[PDB]
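One chain follows as structure tokens, the form solved without the named molecule.
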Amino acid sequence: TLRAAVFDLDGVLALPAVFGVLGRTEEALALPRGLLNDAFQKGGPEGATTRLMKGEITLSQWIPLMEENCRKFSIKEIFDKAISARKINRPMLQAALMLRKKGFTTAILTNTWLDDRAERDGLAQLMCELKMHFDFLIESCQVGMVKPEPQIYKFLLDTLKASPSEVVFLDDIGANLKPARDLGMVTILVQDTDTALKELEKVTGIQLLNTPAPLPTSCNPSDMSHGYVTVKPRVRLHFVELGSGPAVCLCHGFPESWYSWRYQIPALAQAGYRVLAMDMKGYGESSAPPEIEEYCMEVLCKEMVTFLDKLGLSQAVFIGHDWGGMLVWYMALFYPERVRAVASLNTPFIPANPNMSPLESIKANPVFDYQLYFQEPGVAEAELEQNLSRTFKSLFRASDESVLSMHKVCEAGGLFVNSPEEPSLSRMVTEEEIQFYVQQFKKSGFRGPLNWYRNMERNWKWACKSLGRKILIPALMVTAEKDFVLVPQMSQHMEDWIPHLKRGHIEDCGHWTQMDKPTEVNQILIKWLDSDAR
């Protein structure tokens, strides 16, 4: 009965195999067949390559020793190109992910080297992306043992804490499968991926080939780097941070969390960006002062500028959703020198109407009735804090799962009045994800978050100062077909204010854009970032 899956790297999790380049070179340079591949293995267990793979010497030390073996054109150049060309075998990783998702312990067991080349980062990035999807990574150069030595196999089993018969082992080198087979492990010789995966699904009884497109990698809160900046005496801001490159500040909506970006954080970091996923003021681990004035856009934006000041960041690209999207447009209007680029999901840019009170403007739209219900301090807090699991389960649902009516909320005297006490779990979320939001809202409740709605006049007066301005920095507006509150048509006039505005549109997408359509959100954001945010 299988419970562990082991994969080789070269020719298995990463393709094309670096081993099959010596032969490729021979053919291209019309060299005697197997000349380079023979130099590579010269001396066998006593040879330079075994010393390299055991970690006795580094790759830069091995390069000249290989050159001496070849003289039975550059070895460095051949290997630099082979390593650069080698990329993740996505269907193999998909299978490993599905196996781990089903309860399997997974490991990469690889014959590798200590890379000290000037271009070592490329491989470092590859190992990083790959390894975080596995329980263990066993490298020959770190353990001082190599496949096919039987000791590395006993080391693998001790690491897995599993009997050989519980382990499936995948490798492209037949000689490296033999010791695992001899111990009683299920083995798979990997030539083409499809066949290897058919063999894998046959032995495990788990569908691995032709399966639906998986969701992007999410975040485990306990595995993130958590950051804290005090922006003023009584206010600290919490954020989750991942990746390197240009800073990308993610701003959630109401009533959310940094975790609402769980599907974007790993994808944007992988894309070459330094992601800072905020807990906005009033939320999660960030401070939640009680005063209403603490949540007007002018103060919220000033604190986000201080946040950048304290971190030593001259700029960040600002990406917001819902109330976070509203904040990012004001960041672009009032602090363009600090905003590298601005993007909003669902939230359109609507200039203040100087000839109408914001209270009047909100009364004009029937979908915005819930906002008037939110005005009186304590009323909405009571209903939203009564049962947290019910609040999040009722709120976080796809366009076709609605249990809420946001019309005549005041008249009915509640957001959840003719809504169930025990809502069914939406297909967008797990019970554990709901419980994360529940645990977060137990710290400060809904006062700070609802205070974001209690500054209409204050925000209106501040916004009026920007009525003569235009947004001329790079900007992206992403609309969601099925958001019935922040409707796509509400954004129709944006290019009058943002002439160079770029757009994205997500069909069959509700309000909770990031979790409703994670793959498409990531595709739109990464594409825009690489073209407009450097």
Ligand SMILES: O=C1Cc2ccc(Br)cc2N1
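Note that residue numbering follows the sequence shown and begins at 1. Throughout, rigid core stands for the largest set of C-alpha atoms superposing within 1.5 Å between the two forms.
Stretch comparison, 368-376 versus 395-403: after rigid core superposition, larger RMS CA deviation in 9 other deposited structures of this protein is found for 395-403. Missing coordinates between residue 72 and residue 73 amount to 10 or more residues of the deposited sequence. The deposited model assigns a higher average Cα B-factor to 9-17 than to the other stretch when 518-526 and 9-17 are compared. Note on 138-146 vs 333-341: mean CA B-factor is higher in 138-146. Among 499, 504, 34, 488, the highest C-alpha B-factor recorded in the PDB entry belongs to 34. When the Cα B-factors of 107, 99, 124, 83 are read from the PDB record, 83 comes out highest. Among the modelled residues of the chain, residue 225 sits in the lowest third by CA temperature factor in this PDB entry.
When the modelled residues of the chain are ordered by C-alpha B-factor, residue 186 sits in the highest third.
Ranked by C-alpha B-factor against the other modelled residues of its chain, residue 53 falls in the middle third. Residue 216 sits in the middle third of its chain by CA B factor, as recorded in the PDB entry. Ranked against the other modelled residues of its chain, the C-alpha B-factor of residue 257 as given in the entry falls in the lowest third.
Here the subject shifts to the form solved in complex with the named molecule, a form of this protein not shown in this document.
The candidate stretches are 311-319, 355-363, 335-343, 429-437, and the one lying within 4.5 Å of the named molecule in the deposited complex by heavy atoms is 355-363. In the deposited complex, residue 265 stays away from the named molecule, with no heavy atom inside 4.5 Å. Although the partner is absent here, residue 350 is a contact residue: one of its heavy atoms lies within 4.5 angstroms of the named molecule in the deposited complex.
The closest heavy atom approach of residue 371 to the named molecule in the deposited complex falls within 4.5 Å.
Heavy atoms of residue 259 never reach within 4.5 Å of the named molecule in the deposited complex, leaving it off the interface.
A single residue from the set 269, 456, 292, 231 has any heavy atom within 4.5 angstroms of the named molecule in the deposited complex; that residue is 456. This chain is drawn without the named molecule; in the deposited complex, the residue among 323, 239, 273, 169 with a heavy atom within 4.5 Å of it is 323. The single residue of 271-299 lying near the named molecule in the deposited complex is 297, the criterion being any heavy atom within 4.5 Å.
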